[PDB]
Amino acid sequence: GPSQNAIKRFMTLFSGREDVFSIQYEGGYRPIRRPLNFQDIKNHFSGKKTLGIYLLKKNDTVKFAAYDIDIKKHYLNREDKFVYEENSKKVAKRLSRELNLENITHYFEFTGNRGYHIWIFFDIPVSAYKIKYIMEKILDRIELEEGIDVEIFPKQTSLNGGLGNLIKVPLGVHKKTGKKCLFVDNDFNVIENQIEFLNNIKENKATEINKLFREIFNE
């Protein structure tokens, strides 16, 4: 059924480090020293565990990348927090417009607490430094807003024998708040049929993205 296809599809899209992943608890994350499995993903989808994925494979390539638009911590508790909610969507729309201009297919996710991820998926892994560079240059094009932080995963160009950074992946439960992390549309409205959205997500071409790095870098 569609939900079973979603299990296999999730594993292909959020494919990072081969042999380590992460789970969220209340106050941190913890590495799990083995490959992610189907049972891990069923536990993600049901709320029994919350998965985070290390983006960098052992050869310092990534199969996906993400912007992380956040409300700054000290803006969170304000009574006019709705302003910085708007601002976070303003910054996300600007980034997305640039990404569309570069024909980079991407998807929005409400992260279950204080912001949004913009997910970028690749059919074949690409060098972590190349996508990171593209994402940094695109950020350098847009106006920012007060109280918003934009973060770029991958955070590393290379592991140097380490794990790198991980990102909490969608369709799970945010352990800081108990709310589902869900895909949203271009207007930030929650998609009703998440499973089907997941099964329609498209991968960018590594060949195109590789060409785009040389192009932006202008050699």
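One rule holds for the numbers: they count along the sequence shown, beginning at 1. Take the two forms, superpose them, and find the largest set of C-alpha atoms that agree within 1.5 Å; that set is the rigid core.
A.B. asks: 24 to 32 versus 54 to 62: which one's CA atoms end up farther from this form in 4 other deposited structures of this protein after a core fit?
C.D. replies: Most displaced of the pair in 4 other deposited structures of this protein: 24 to 32.
A.B. asks: In 4 other deposited structures of this protein, superposed by the rigid core, which stretch departs further from the shown form in CA positions, 90 to 98 or 77 to 85?
C.D. replies: Most displaced of the pair in 4 other deposited structures of this protein: 77 to 85.
A.B. asks: Please compare 78 to 86 with 144 to 152 and name the stretch with the higher mean C-alpha B-factor in the deposited structure.
C.D. replies: If you average the C-alpha B-factors of 78 to 86 and of 144 to 152, the larger mean comes out for 78 to 86.
A.B. asks: Tell me which stretch has the larger mean Cα B-factor in this entry, 207 to 215 or 11 to 19.
C.D. replies: It is 207 to 215 that shows the higher mean C-alpha B-factor.
A.B. asks: Split the chain's modelled residues into thirds by Cα B-factor; is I71 in the lowest, middle or highest one?
C.D. replies: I71: CA B-factor falls in the highest third of its chain.
A.B. asks: Within this chain's modelled residues, let me know which third the CA B factor of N59 belongs to: lowest, middle or highest.
C.D. replies: Lowest third - that is where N59 ends up once the chain's C-alpha B-factors are sorted.
A.B. asks: Using the B-factors in the PDB entry, rank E136's C-alpha atom against the chain and give the third, lowest, middle or highest.
C.D. replies: It falls in the middle third of the chain.
A.B. asks: Split into thirds by Cα B-factor across the chain's modelled residues, where does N103 land: lowest, middle or highest?
C.D. replies: CA B-factor rank for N103: highest third.
A.B. asks: For the chain shown, is the CA B-factor of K175 in the lowest, middle or highest third of its modelled residues?
C.D. replies: Within its chain, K175 is a highest-third residue by C-alpha B-factor, going by the deposited values.
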